[PDB]
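Given as C-alpha cells, the chain that follows is alone and in the form deposited in one PDB entry.
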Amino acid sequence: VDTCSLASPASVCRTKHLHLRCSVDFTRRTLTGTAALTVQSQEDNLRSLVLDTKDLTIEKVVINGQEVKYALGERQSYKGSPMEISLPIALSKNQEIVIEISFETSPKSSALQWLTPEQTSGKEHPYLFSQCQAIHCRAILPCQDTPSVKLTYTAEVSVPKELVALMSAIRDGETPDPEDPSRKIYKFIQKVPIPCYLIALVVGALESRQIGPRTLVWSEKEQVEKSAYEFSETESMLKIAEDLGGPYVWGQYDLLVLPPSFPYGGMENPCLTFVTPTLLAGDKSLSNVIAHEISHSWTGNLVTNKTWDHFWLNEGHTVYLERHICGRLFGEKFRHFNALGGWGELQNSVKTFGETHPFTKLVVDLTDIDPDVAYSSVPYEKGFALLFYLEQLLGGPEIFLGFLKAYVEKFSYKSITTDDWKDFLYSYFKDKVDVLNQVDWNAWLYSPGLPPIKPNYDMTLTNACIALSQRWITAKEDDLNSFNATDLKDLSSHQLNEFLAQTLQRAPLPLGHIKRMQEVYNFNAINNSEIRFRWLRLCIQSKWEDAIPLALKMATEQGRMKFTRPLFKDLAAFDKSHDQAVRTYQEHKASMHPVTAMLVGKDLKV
C-alpha cells in the first residue's frame, strides 16, 4: 500500500478515466470546474470511497444526476485532506460509475506556479504551469493520487483567447468558448492509461516549430529558434530509444521549454516533455536530459513504480537507457565517462546525507516523509549503479539490453514493486541464477550508503579531467604561473564540467588558486548552466566575495532546484554572503515556485 496517499487503494476501487472540464482564471489564480471520475469497484457491496485532495474547494459531488454526501477530513500536512464520498447505491465487484466533482483550486496550489507578465519572456501575458510528480495532482483535482492506479483522460480547458493551453495528451481541437467570447476552449485526449502524476497543463503565449516527424518544440516566441536548434537530436534519440525499448506508443513526442522557474531539468509528461530553459547551452551539450525524458516513455510511463518507495525503478532504468542512447550517439567510451560521473554524483549525495541516512537506501520507506524533502540523486545513481553492475555481471550491454526490452514488454501499462522487478530478473536470467545469487541483494536494495560493489569504468575520457584537477589541488603558489588557457585545449564541455566536479569534491581550494583559475580559464564567461553552477559553487566554497553577486544572480534568475538549492545553501554557509542570501530568499519567496520556495526555506532554516 501507498503511504503517500489517503485515497481508497486499487484493491478497493480503480479510476478508469477522468474527464476534466475546467477554466483557468488568471485574475483569481484558480482553476475551476468539474472532474468526472469513472470509477470501477474492486469489491462487493461498495458504499463509499475516499479521494486525495489538497487545498481544494469542493462545491458538490454529483452521481446519477443527483448531489451526494461527502466529507473532507482533517488536513494531514503535505498529504492534504481525504475526501470521503457516500455512494448513492451499493456497487458490486467490477461495476463502474461516474462521479462528477465540482471544485476550485487554491492560488497556493503546490502543483501550480502562476506567473505574472513580468515573469515571462514576452512581458505582455501571464503563464501557468503544473508539476504533479510526485503527489501534487491532488492539489489540482480530487483523485486517487497514487501511481498504483492508471487511467485514461480527456479534457476541455477554457483560457483567455490570446493564450494557448497544452496538456500531456494529444491535442483534440480548439473553439471559442460559448459561455465567454473572450475565451477559447482547448481539448485533449490521452488514450493510453497513465498514473495521475503524469497529468500536466500549461497555459501561456506559446508558439511552436516542428523539429522532427513527430516533434514540435513549444515555448514563448523569444525562445523558439534557440530551442529548435538545441533539441534537434530529438528524433535520432527517439529512434534509438524505440530500438532498445520497443514501439513508442504515445503518438507525438513534443517538447515544452518552460520559463526559468521550472523546478526540474525535465518532466516526462506523456506527449509533451517539459524542460528547463537552463538546457539552452547553444551547442546541444545538455541533450542527455532529452535522452532521459525520452527514455521515460518506456521506463516510468509504461512500466511505473507502484508506490514512491520504489521510485528507483522509474529513475534507475531511465538513466540506464539514457546513457545507452548517448553511448549509441557518441560512443561507448562516452557512456562509461557519464556512468562514472554518475557515481561521483552518488558519492556527493551519500556524503551530503550521511552514509547511514535512510534516504541513501535504494528502496525507501516514505511513511510520514514528504517525497519532495526525500528527493535526491540516490534513486537515479544508486539505481543506475545496480543496473550497470548487473550488466557487467550478466555478460554485457547487449545481453542486459535484452532483459530491459523484455522487462518493458512484460510490465507495460502496469505498476510494479522492486520484488516484481527482481522476480522477473531471476525469471529472465534463469540460466544465470548462480551468478544472480552472488549479488548482495539486502545491501544493494535496503542498506544505506555507497553500494557494496563499484562497477568497472573505462577511464579514457575521465583521465585528463582527474589529471588537471589533481594539478590544481596539489599546486602551491609558485605553480600557479604554469597554468594557462591551453590546459583546456583538448577538453570537451563535458570534460570541463567533470574537471570542475572533481575539483569541487576537494573544495575549498586556496582563494589565490581560484582567482588564478578565473585569470587563465575565464570560467565567468561560460554560460553552460552545469559548468557555471559548479564553478560558482567552487568560488563561494573557496570564499571568493567577487562570486557572491554572480551566485545570487544564478540562484534567482532561474529556479531549477538542482542549481538554486545548493547555490542558496553555499551562499548561506559563507559568512560574507549569509545575510544577503537570507534577504534575497525572503524577497523572492512569494514569486518562486511553491515547492522550490518551501525547500529553499527549509534549506536556509528561515
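Residue numbers here begin at 1 and follow the sequence given.
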| query | Comparing 464-472 with 427-435, which stretch shows the greater average C-alpha B-factor in the deposited entry? | reply | 427-435
| 131-139 versus 475-483 - which carries the larger mean C-alpha B factor in the record | 475-483
| Going by the entry, which of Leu362, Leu536, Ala241, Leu500 has the most elevated CA B factor? | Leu362
| Out of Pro259, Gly512, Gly282, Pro117, which one has a C-alpha B factor higher than all the others in the entry? | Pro117
| remark: Of the three thirds of the chain ranked by Cα temperature factor, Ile416 occupies the middle
| task | Tell me, lowest, middle or highest third: where does the Cα B factor of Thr154 rank within its chain? | result | lowest
| request: Could you look up the Cα B-factor of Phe574 in the entry and say which third of the chain it sits in: lowest, middle or highest? | output: highest
| said: Looking at the temperature factor on the CA atom of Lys54, which third of the chain's modelled residues does it land in? | reply: middle
| task | Could you tell me which third, lowest, middle or highest, the C-alpha B-factor of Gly265 occupies within its chain? | result | lowest
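The protein also exists as the form deposited with a small molecule bound; that form is not presented, and the subsequent description refers to it.
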| request: Could you work out which of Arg335, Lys150, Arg516, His296 is the residue within 4.5 angstroms of the small molecule in the deposited bound form, going by heavy atoms? | output: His296
| task | Name the single residue among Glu233, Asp254, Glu315, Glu220 that comes within 4.5 Å of the small molecule in the deposited bound form, judging by heavy atoms. | result | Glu315
| 4.5 Å heavy atom contact, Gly266 to the small molecule in the deposited bound form | yes
| field | Non-hydrogen atom contact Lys562 with the small molecule in the deposited bound form at 4.5 angstroms | value | yes
| query | Going by a heavy atom distance of 4.5 Å, is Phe429 a contact of the small molecule in the deposited bound form? | reply | no
| Would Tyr375 show up as a contact with the small molecule in the deposited bound form if we use heavy atoms at 4.5 Å? | yes
| said: Please pick out the stretch from 39-47, 541-549, 554-562, 64-72 that is in contact with the small molecule in the deposited bound form, where contact means heavy atoms within 4.5 Å. | reply: 554-562
